[PDB]
Each structure stands twice: as C-alpha cells, then as structure tokens.
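Raw work-v2.cif, mmCIF, C-alpha atoms and all ligand atoms:
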```cif
data_final
#
loop_
_atom_site.label_atom_id
_atom_site.label_comp_id
_atom_site.auth_asym_id
_atom_site.auth_seq_id
_atom_site.Cartn_x
_atom_site.Cartn_y
_atom_site.Cartn_z
CA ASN B 113 296.28 195.17 -31.89
CA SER B 114 295.02 194.92 -28.31
CA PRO B 115 292.69 192.05 -27.34
CA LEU B 116 289.95 194.66 -27.05
CA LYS B 117 290.40 196.25 -30.47
CA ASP B 118 290.58 192.81 -32.09
CA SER B 119 287.53 191.62 -30.13
CA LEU B 120 285.54 194.51 -31.58
CA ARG B 121 286.05 193.15 -35.09
CA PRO B 122 282.81 191.37 -36.10
CA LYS B 123 283.10 187.64 -36.80
CA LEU B 124 280.54 184.89 -37.37
CA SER B 125 281.41 182.37 -34.66
CA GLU B 126 281.31 178.62 -35.30
CA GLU B 127 278.25 178.41 -33.06
CA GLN B 128 276.49 181.16 -35.01
CA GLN B 129 277.22 179.44 -38.31
CA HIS B 130 275.86 176.27 -36.70
CA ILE B 131 272.63 178.03 -35.73
CA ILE B 132 272.17 179.26 -39.31
CA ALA B 133 272.81 175.75 -40.64
CA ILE B 134 270.17 174.25 -38.34
CA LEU B 135 267.56 176.85 -39.27
CA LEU B 136 268.20 176.46 -43.01
CA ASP B 137 267.76 172.70 -42.69
CA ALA B 138 264.64 173.13 -40.55
CA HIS B 139 263.11 175.36 -43.23
CA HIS B 140 264.13 172.88 -45.93
CA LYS B 141 262.32 170.12 -44.05
CA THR B 142 259.13 172.10 -43.41
CA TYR B 143 258.56 174.19 -46.55
CA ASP B 144 257.66 172.30 -49.72
CA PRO B 145 258.30 174.51 -52.78
CA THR B 146 256.61 171.94 -55.02
CA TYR B 147 253.34 172.53 -53.15
CA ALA B 148 252.48 168.88 -53.80
CA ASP B 149 250.13 168.55 -50.80
CA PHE B 150 247.69 171.30 -51.83
CA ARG B 151 245.78 168.64 -53.76
CA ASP B 152 244.79 167.32 -50.33
CA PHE B 153 242.92 170.49 -49.31
CA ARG B 154 239.25 171.14 -49.91
CA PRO B 155 239.03 172.70 -53.41
CA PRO B 156 239.34 176.46 -53.96
CA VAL B 157 236.08 177.97 -55.16
CA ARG B 158 236.27 181.20 -57.14
CA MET B 159 232.98 182.60 -58.43
CA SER B 218 229.38 182.73 -53.06
CA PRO B 219 230.13 184.18 -49.62
CA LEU B 220 233.27 182.66 -48.07
CA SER B 221 233.75 180.42 -51.10
CA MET B 222 237.51 180.34 -50.46
CA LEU B 223 237.34 179.71 -46.70
CA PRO B 224 237.44 175.90 -46.82
CA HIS B 225 240.54 175.86 -49.04
CA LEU B 226 242.41 178.67 -47.27
CA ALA B 227 241.45 177.24 -43.88
CA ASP B 228 243.00 173.95 -44.98
CA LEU B 229 246.08 175.73 -46.35
CA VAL B 230 246.52 177.60 -43.09
CA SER B 231 245.96 174.52 -40.92
CA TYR B 232 248.57 172.64 -42.98
CA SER B 233 250.97 175.55 -42.62
CA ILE B 234 250.47 175.72 -38.84
CA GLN B 235 251.71 172.12 -38.67
CA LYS B 236 254.77 173.15 -40.65
CA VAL B 237 255.40 176.14 -38.39
CA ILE B 238 255.33 173.85 -35.36
CA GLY B 239 257.85 171.53 -36.98
CA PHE B 240 260.15 174.45 -37.70
CA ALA B 241 259.80 175.85 -34.18
CA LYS B 242 260.81 172.52 -32.63
CA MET B 243 264.14 172.74 -34.44
CA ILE B 244 264.99 176.25 -33.19
CA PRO B 245 268.07 176.03 -30.93
CA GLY B 246 266.84 176.51 -27.38
CA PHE B 247 263.13 176.23 -28.14
CA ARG B 248 262.68 172.80 -26.58
CA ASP B 249 264.33 173.95 -23.34
CA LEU B 250 261.19 176.01 -22.78
CA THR B 251 258.32 174.60 -20.73
CA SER B 252 255.51 172.95 -22.66
CA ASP B 253 253.29 175.89 -21.67
CA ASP B 254 255.72 178.48 -23.03
CA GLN B 255 256.23 176.59 -26.30
CA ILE B 256 252.46 176.55 -26.70
CA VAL B 257 251.90 180.25 -26.02
CA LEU B 258 254.73 181.20 -28.37
CA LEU B 259 253.29 179.12 -31.20
CA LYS B 260 249.69 180.22 -30.60
CA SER B 261 250.77 183.85 -30.81
CA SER B 262 253.32 183.61 -33.63
CA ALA B 263 251.70 181.10 -35.97
CA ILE B 264 249.86 183.59 -38.16
CA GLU B 265 252.94 185.83 -38.30
CA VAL B 266 255.27 183.03 -39.33
CA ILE B 267 252.75 181.91 -41.93
CA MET B 268 252.75 185.44 -43.33
CA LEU B 269 256.55 185.34 -43.42
CA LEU B 270 256.68 181.87 -45.02
CA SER B 271 254.23 182.95 -47.69
CA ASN B 272 256.63 185.61 -48.97
CA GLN B 273 258.32 182.74 -50.82
CA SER B 274 255.29 182.22 -53.09
CA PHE B 275 254.37 185.91 -53.21
CA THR B 276 255.28 187.63 -56.47
CA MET B 277 255.36 191.35 -57.25
CA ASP B 278 254.58 190.54 -60.88
CA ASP B 279 250.89 190.76 -59.99
CA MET B 280 250.99 190.98 -56.19
CA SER B 281 249.65 187.48 -55.59
CA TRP B 282 250.78 184.27 -53.91
CA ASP B 283 251.64 181.93 -56.78
CA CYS B 284 251.92 178.29 -55.75
CA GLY B 285 252.73 176.65 -59.05
CA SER B 286 249.37 176.59 -60.81
CA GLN B 287 246.32 178.75 -61.48
CA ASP B 288 244.23 176.76 -59.02
CA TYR B 289 246.76 177.56 -56.30
CA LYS B 290 247.35 181.21 -57.11
CA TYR B 291 245.78 183.48 -54.50
CA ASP B 292 245.05 187.19 -54.95
CA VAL B 293 243.40 189.86 -52.81
CA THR B 294 239.99 188.76 -54.11
CA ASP B 295 240.56 185.19 -52.91
CA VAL B 296 241.50 186.42 -49.44
CA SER B 297 238.36 188.58 -49.22
CA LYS B 298 236.38 185.46 -50.16
CA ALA B 299 237.75 183.78 -47.05
CA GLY B 300 236.08 186.36 -44.82
CA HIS B 301 238.68 189.09 -44.57
CA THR B 302 238.60 192.79 -45.44
CA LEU B 303 240.94 195.43 -46.84
CA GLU B 304 241.78 196.51 -43.30
CA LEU B 305 243.92 193.36 -43.15
CA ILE B 306 244.51 192.56 -46.80
CA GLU B 307 245.96 195.89 -47.95
CA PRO B 308 248.54 196.04 -45.15
CA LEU B 309 249.30 192.36 -45.76
CA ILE B 310 250.14 193.05 -49.40
CA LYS B 311 252.16 196.10 -48.37
CA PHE B 312 254.05 193.87 -45.95
CA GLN B 313 254.77 191.25 -48.61
CA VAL B 314 256.01 193.97 -50.96
CA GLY B 315 258.23 195.57 -48.34
CA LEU B 316 259.68 192.21 -47.34
CA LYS B 317 260.36 191.32 -50.97
CA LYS B 318 262.12 194.68 -51.34
CA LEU B 319 264.56 193.65 -48.61
CA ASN B 320 265.77 190.83 -50.88
CA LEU B 321 266.75 188.82 -47.81
CA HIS B 322 269.25 186.00 -47.96
CA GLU B 323 267.55 182.72 -47.05
CA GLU B 324 269.81 182.79 -43.98
CA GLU B 325 268.19 186.06 -42.92
CA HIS B 326 264.70 184.78 -43.78
CA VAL B 327 264.95 181.75 -41.48
CA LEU B 328 266.62 183.77 -38.70
CA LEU B 329 263.73 186.22 -38.91
CA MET B 330 261.16 183.47 -38.58
CA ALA B 331 262.93 181.99 -35.57
CA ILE B 332 263.24 185.41 -33.91
CA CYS B 333 259.54 185.99 -34.57
CA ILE B 334 258.60 182.75 -32.81
CA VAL B 335 260.78 183.19 -29.72
CA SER B 336 259.57 186.63 -28.62
CA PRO B 337 259.50 187.27 -24.83
CA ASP B 338 256.68 189.84 -24.91
CA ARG B 339 254.09 187.37 -26.23
CA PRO B 340 250.85 187.09 -24.22
CA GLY B 341 250.92 184.26 -21.71
CA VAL B 342 254.71 183.90 -21.59
CA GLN B 343 255.92 182.60 -18.23
CA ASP B 344 259.70 182.41 -18.35
CA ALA B 345 260.15 185.61 -20.37
CA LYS B 346 263.74 185.79 -19.15
CA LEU B 347 264.60 182.47 -20.82
CA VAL B 348 262.67 183.26 -24.00
CA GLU B 349 264.64 186.50 -24.17
CA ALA B 350 267.97 184.70 -23.79
CA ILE B 351 267.05 182.32 -26.60
CA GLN B 352 265.96 185.19 -28.85
CA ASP B 353 269.09 187.24 -28.12
CA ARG B 354 271.31 184.41 -29.35
CA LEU B 355 269.36 184.44 -32.62
CA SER B 356 269.28 188.25 -32.91
CA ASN B 357 273.04 188.51 -32.40
CA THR B 358 273.50 185.77 -34.99
CA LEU B 359 271.42 187.79 -37.47
CA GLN B 360 273.17 191.09 -36.74
CA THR B 361 276.59 189.50 -37.19
CA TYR B 362 275.46 187.64 -40.31
CA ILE B 363 274.36 190.90 -41.93
CA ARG B 364 277.60 192.68 -41.07
CA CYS B 365 279.83 189.86 -42.32
CA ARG B 366 277.83 188.27 -45.13
CA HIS B 367 275.41 190.84 -46.57
CA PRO B 368 277.32 193.23 -48.84
CA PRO B 369 276.37 196.91 -49.09
CA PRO B 370 274.19 198.68 -50.19
CA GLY B 371 271.67 195.93 -49.44
CA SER B 372 272.90 195.72 -45.85
CA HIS B 373 272.09 199.36 -45.07
CA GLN B 374 270.08 199.40 -41.82
CA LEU B 375 268.93 195.91 -42.74
CA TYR B 376 268.60 194.65 -39.17
CA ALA B 377 266.48 197.64 -38.17
CA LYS B 378 264.37 197.12 -41.28
CA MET B 379 263.87 193.48 -40.34
CA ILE B 380 262.83 194.37 -36.80
CA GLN B 381 260.37 196.87 -38.23
CA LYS B 382 258.89 193.96 -40.18
CA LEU B 383 258.39 192.17 -36.86
CA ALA B 384 256.48 195.20 -35.60
CA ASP B 385 254.42 195.17 -38.82
CA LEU B 386 253.67 191.50 -38.14
CA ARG B 387 252.36 192.30 -34.65
CA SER B 388 249.93 194.78 -36.18
CA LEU B 389 248.88 192.26 -38.82
CA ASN B 390 248.46 189.67 -36.06
CA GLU B 391 246.23 191.99 -34.05
CA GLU B 392 244.00 192.81 -37.01
CA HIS B 393 243.84 189.20 -38.16
CA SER B 394 242.76 188.15 -34.67
CA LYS B 395 240.06 190.80 -34.71
CA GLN B 396 238.69 189.68 -38.08
CA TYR B 397 239.08 186.02 -37.15
CA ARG B 398 237.06 186.45 -33.95
CA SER B 399 234.34 188.19 -35.96
CA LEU B 400 234.54 185.49 -38.63
CA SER B 401 234.54 182.56 -36.21
CA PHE B 402 231.81 184.11 -34.05
CA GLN B 403 229.39 182.81 -36.67
CA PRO B 404 229.00 179.06 -35.97
CA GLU B 405 228.39 178.38 -39.67
CA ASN B 406 231.80 179.90 -40.40
CA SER B 407 233.52 178.15 -37.51
CA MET B 408 232.16 174.90 -38.98
CA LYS B 409 234.27 175.48 -42.08
CA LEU B 410 237.56 175.76 -40.18
CA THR B 411 239.72 172.87 -38.97
CA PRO B 412 240.18 171.51 -35.45
CA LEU B 413 243.80 172.72 -35.38
CA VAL B 414 242.90 176.23 -36.54
CA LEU B 415 240.22 176.43 -33.86
CA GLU B 416 242.64 175.32 -31.16
CA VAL B 417 245.46 177.65 -32.20
CA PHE B 418 243.63 180.78 -33.36
CA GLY B 419 240.80 180.45 -30.85
CA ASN B 420 237.37 178.88 -30.41
CA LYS N 625 243.43 176.20 -21.56
CA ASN N 626 244.30 172.75 -22.92
CA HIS N 627 245.82 172.59 -26.40
CA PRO N 628 245.91 168.79 -26.99
CA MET N 629 246.72 168.92 -30.71
CA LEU N 630 249.37 171.61 -30.36
CA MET N 631 250.70 169.78 -27.31
CA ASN N 632 250.84 166.54 -29.30
CA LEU N 633 252.52 168.09 -32.34
CA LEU N 634 255.18 169.56 -30.04
CA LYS N 635 256.12 166.26 -28.40
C1 LIG O 1 250.05 179.55 -46.16
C2 LIG O 1 251.02 179.72 -47.16
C3 LIG O 1 250.80 180.40 -48.40
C4 LIG O 1 250.19 181.65 -48.62
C5 LIG O 1 249.66 182.51 -47.65
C6 LIG O 1 248.63 183.43 -47.82
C7 LIG O 1 247.86 183.65 -49.17
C8 LIG O 1 246.32 183.57 -48.97
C9 LIG O 1 245.82 184.35 -47.71
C10 LIG O 1 246.58 184.00 -46.39
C11 LIG O 1 246.28 182.49 -46.02
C12 LIG O 1 246.44 185.05 -45.25
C13 LIG O 1 245.04 185.10 -44.49
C14 LIG O 1 244.77 186.46 -43.81
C15 LIG O 1 244.83 184.02 -43.37
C16 LIG O 1 243.37 183.56 -43.27
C17 LIG O 1 243.17 182.48 -42.17
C18 LIG O 1 241.76 182.40 -41.51
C19 LIG O 1 240.68 182.26 -42.59
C20 LIG O 1 241.66 181.20 -40.57
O1 LIG O 1 241.50 183.61 -40.76
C21 LIG O 1 247.62 184.72 -44.33
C22 LIG O 1 248.76 184.24 -45.25
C23 LIG O 1 248.09 184.32 -46.66
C24 LIG O 1 251.28 179.70 -49.70
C25 LIG O 1 252.72 179.11 -49.54
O2 LIG O 1 253.65 180.18 -49.57
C26 LIG O 1 252.86 178.30 -48.21
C27 LIG O 1 252.44 179.15 -46.98
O3 LIG O 1 252.55 178.32 -45.81
#
```
How does the structure come out when it is put into structure tokens?
Amino acid sequence: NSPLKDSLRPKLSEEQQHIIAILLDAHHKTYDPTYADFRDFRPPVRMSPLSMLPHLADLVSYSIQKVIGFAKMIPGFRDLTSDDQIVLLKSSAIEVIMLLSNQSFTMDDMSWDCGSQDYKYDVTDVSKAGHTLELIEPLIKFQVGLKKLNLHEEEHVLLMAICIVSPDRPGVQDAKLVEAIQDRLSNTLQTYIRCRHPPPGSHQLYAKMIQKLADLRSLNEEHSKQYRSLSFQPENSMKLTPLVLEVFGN
Amino acid sequence: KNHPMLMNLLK
C-alpha cells in the first residue's frame, strides 16, 4: 500500500487517546454522581410562585463552578486569553449544564433523578423556578434525544469540551485560536466514533452530535430570554446567587 | 465588563 492509501486509514493517534484520557479524568473530578453536596443548597420547596428557584439557583450556581473546573482542564483552553476564557464560559455554561444533567436524566419518567425524592426534578419543578414550556418542552426533548444517542462517556466529554470551545460565541476575540483548539477536539471525536463506536450506533453519530450542539444554542437563546425576564424582577434576582448573576447576567 | 468571580475561578 502507498503512503497515501495507508494514511487514509483512520487511526486514533496517541495524542488523541491522550486528549480523551484528560477529558474523562476532568469529568470524573468535576461531576459527583453521589450528589452529596445537594444537602448544602437551599431546600427544594414543592407545593407558591418560584418555590423551586432558591434550590435550582443553588444547584445551577454549584454546577457553573464545576463547568469552570472542567473547562480549565480542556487541552488548549488555558492558552486562550483571560477574556476569551471568560466569554466562552459565560456563553456555554448553561449548555454544558444541560449536557451534564443528561447523566441524572431518566426516560423512565422523564425527570432528573439525583438519588432521592427530594432531589428528583420534573417539568413541574422547573416551571416553579420561573420557566415556561417554551424552554422546558424542548429541554426534555433534548434530553430524550441525547439519551437515544447512547453516547460513550468518551463521546459525552468530547461533546462538552467542543461545546465550550466554540469560535462563534459572542465576544470571542481570537476566534482563529478557539477554532484551532476546537478542531483538535472535533477530529478526536470523529476518529473516536469511526474506530471505537461499533455500528449501527455509529451511523451519522458525529452529525447527530453536532445537531445537538445546534439544539443547545437554541435552548441557550430561549433560556437567556426567560432568564432576563425572570431576573428583571428585583425580588427574583434577590433569590439568585452572586455567581449566577455574574455569569448569566445582571 | 468585569467578571471577578469567574476570573478568580479560572486562575
Ligand atoms: C445542574 C445539574 C442537574 C440537573 C439539571 C436540570 C434539572 C432542573 C432544571 C435545570 C436546572 C434547567 C433550568 C432551565 C435552569 C434554570 C436556571 C435559572 C433559574 C437561573 O434560570 C437547566 C438544567 C436543568 C442535576 C445533576 O445532573 C448535576 C447537573 O449539574
């Protein structure tokens, strides 16, 4: 075989395997499947208007901190300017949180089940945090469609990293460098799927995963809209956390 | 725009 023909044969390079290893570890170190810290949040109240906002605000604020910790471990991420790291996290946080949550989501009853009845969230809980079907229905649909992909954890953490390092985010300065970082991750994912995800599950899997990124942009836009409306009321904004205000807007 | 807490968590 010619060097060309042989070079066309897909192979997970040592560097690409290394990238996957780092992202798996990063996820391990920032997602607690025991959910032990939820005790620390303001208590969930299920009955009054916005009764679940304090608890879900605390959950989300906690999860933003975890997203930041994961982002810092993405190969290339820290070579970005402080400003670009900030804009990428401000814009992606809600999306990565939606991705992370797929781990607790269950299609048994279409809820996020975090180990106990107190920490099991359904569409009614989300509405009681100030959100409407315009966000919630598509969010459930997203969770269902993602679950249907039955991603390998490898693919799950690659997707989160690709989500974070997106060059077309608002406020991005060195889009060229963000794009180079993302491309290394995207190629790693494409090659992982070809070499490690057996058919039929692999069918158009990359394209399906990129469609989920597009879905996340739409969810982000609608969340931002409802969040601005929600936070416009000072009495609501009072119930949020300082980190949520800084990241999602004030 | 100043994101002190984000900036500090990123250090
Ligand atoms: C967080 C995590 C979890 C679930 C995520 C959920 C379920 C409840 C509703 C949430 C929090 C959605 C809400 C639209 C976000 C509301 C935020 C705000 C009130 C500030 O506008 C986004 C993700 C959803 C649980 C666990 O998987 C850890 C993960 O890390």
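Considering the residues B:420, B:356, B:340, B:323 and counting only C-alpha atoms, residue 406 in chain B has its shortest atom-to-atom contact with B:420.
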Which residues are near ligand LIG 1 (chain O) in this structure, taking near to mean any atom at most 8 Å from a ligand atom and counting all atoms listed in the file? Format them as a ChimeraX atom specification. /B:143-145,147,223,226-227,229-234,236,264,267-268,270-275,281-284,291-293,295-296,299-301,305-306,309,393-394,396-397,400,410,414,418
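Only residues having an atom at most 10 Å from (249.7, 166.0, -36.8) are included; using only C-alpha atoms, these are residues 232, 234, 235, 236, 238, 239 and 413 of chain B; 629, 630, 632, 633 and 634 of chain N.
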Kindly give the distance, in Å, that separates CA of residue 381 in chain B and CA of residue 348 in chain B, rounded to a single decimal.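 So the two atoms, CA of residue 381 in chain B and CA of residue 348 in chain B, lie 19.8 Å apart.
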Identify, on the basis of only C-alpha atoms, every residue whose closest approach to residue 626 in chain N does not exceed 10 Å; exclude the query and any residue fewer than 5 positions from it along the same chain; express the result as JSON, numbers by chain. {"B": [253, 256, 416], "N": [631]}
May I ask which of the residues B:357, B:221, B:411, B:146 is the closest one to chain N, counting all atoms listed in the file? B:411
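Interatomic distance, CA of residue 123 in chain B to CA of residue 361 in chain B: 6.8 Å.
Among B:260, B:130, B:151, B:139, the residue with the shortest atom-to-atom distance to residue 627 in chain N, counting all atoms listed in the file, is B:260.
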Gap from CA of residue 259 in chain B to CA of residue 334 in chain B - Å, one decimal: 6.6 Å
Nearby residues (all atoms listed in the file) at most 10 Å from residue 382 in chain B, same-chain spacing under 3 positions excluded, as a short mmCIF file (atom, residue, chain, number, x, y, z; two decimals) with C-alpha atoms, keeping the file's coordinate frame:
```
data_model
loop_
_atom_site.label_atom_id
_atom_site.label_comp_id
_atom_site.auth_asym_id
_atom_site.auth_seq_id
_atom_site.Cartn_x
_atom_site.Cartn_y
_atom_site.Cartn_z
CA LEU B 269 256.55 185.34 -43.42
CA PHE B 312 254.05 193.87 -45.95
CA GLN B 313 254.77 191.25 -48.61
CA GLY B 315 258.23 195.57 -48.34
CA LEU B 316 259.68 192.21 -47.34
CA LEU B 329 263.73 186.22 -38.91
CA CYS B 333 259.54 185.99 -34.57
CA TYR B 376 268.60 194.65 -39.17
CA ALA B 377 266.48 197.64 -38.17
CA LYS B 378 264.37 197.12 -41.28
CA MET B 379 263.87 193.48 -40.34
CA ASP B 385 254.42 195.17 -38.82
CA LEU B 386 253.67 191.50 -38.14
CA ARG B 387 252.36 192.30 -34.65
CA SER B 388 249.93 194.78 -36.18
#
```
Considering only C-alpha atoms, return as a ChimeraX atom specification whatever protein or nucleic-acid residues lie within 9 Å of residue 242 in chain B, sequence-local ones (same chain, fewer than 3 positions apart) excluded. /B:138,237-239,245-248,255 /N:634-635
Around all the atoms of range 626-634 of chain N listed in the file, draw an axis-aligned box and extend it by 3 Å on each of the six sides; I want its centre and edge lengths in Å to one decimal, as JSON.
```
{"center_x": 249.7, "center_y": 169.6, "center_z": -27.6, "size_x": 16.9, "size_y": 12.2, "size_z": 15.4}
```
Smallest atom-to-atom distance to chain N: which of B:254, B:405, B:149, B:338, using all atoms listed in the file? B:254
When you count all atoms listed in the file, which of these residues is closest to chain N: B:330, B:159, B:257, B:350? B:257
List every protein, DNA or RNA residue with an atom no more than 12 Å from (274.2, 178.4, -36.8) in the file's coordinates, counting all atoms listed in the file, and format the result as a ChimeraX atom specification. /B:124-138,243-245,324-325,327-328,331,354-359,361-362
Would you mind putting N, CA and C atoms back on chain N and writing the result as a compact mmCIF listing (two decimals), in the coordinates of the input?
```txt
# COMPACT_ATOMS: atom_id res chain seq x y z
N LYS N 625 244.46 176.02 -20.50
CA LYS N 625 243.43 176.20 -21.56
C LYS N 625 243.31 174.93 -22.40
N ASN N 626 244.29 174.05 -22.25
CA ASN N 626 244.30 172.75 -22.92
C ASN N 626 244.38 172.86 -24.44
N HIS N 627 245.59 172.66 -24.96
CA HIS N 627 245.82 172.59 -26.40
C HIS N 627 246.38 171.21 -26.71
N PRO N 628 245.52 170.18 -26.72
CA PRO N 628 245.91 168.79 -26.99
C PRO N 628 246.63 168.55 -28.31
N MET N 629 246.13 169.15 -29.39
CA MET N 629 246.72 168.92 -30.71
C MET N 629 248.06 169.63 -30.85
N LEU N 630 248.12 170.87 -30.38
CA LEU N 630 249.37 171.61 -30.36
C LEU N 630 250.35 170.88 -29.44
N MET N 631 249.87 170.50 -28.27
CA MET N 631 250.70 169.78 -27.31
C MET N 631 251.26 168.50 -27.92
N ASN N 632 250.44 167.80 -28.69
CA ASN N 632 250.84 166.54 -29.30
C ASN N 632 251.81 166.73 -30.46
N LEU N 633 251.63 167.81 -31.22
CA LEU N 633 252.52 168.09 -32.34
C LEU N 633 253.89 168.56 -31.84
N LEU N 634 253.93 169.07 -30.61
CA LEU N 634 255.18 169.56 -30.04
C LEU N 634 256.02 168.48 -29.38
N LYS N 635 255.43 167.32 -29.13
CA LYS N 635 256.12 166.26 -28.40
C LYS N 635 257.39 165.83 -29.15
```
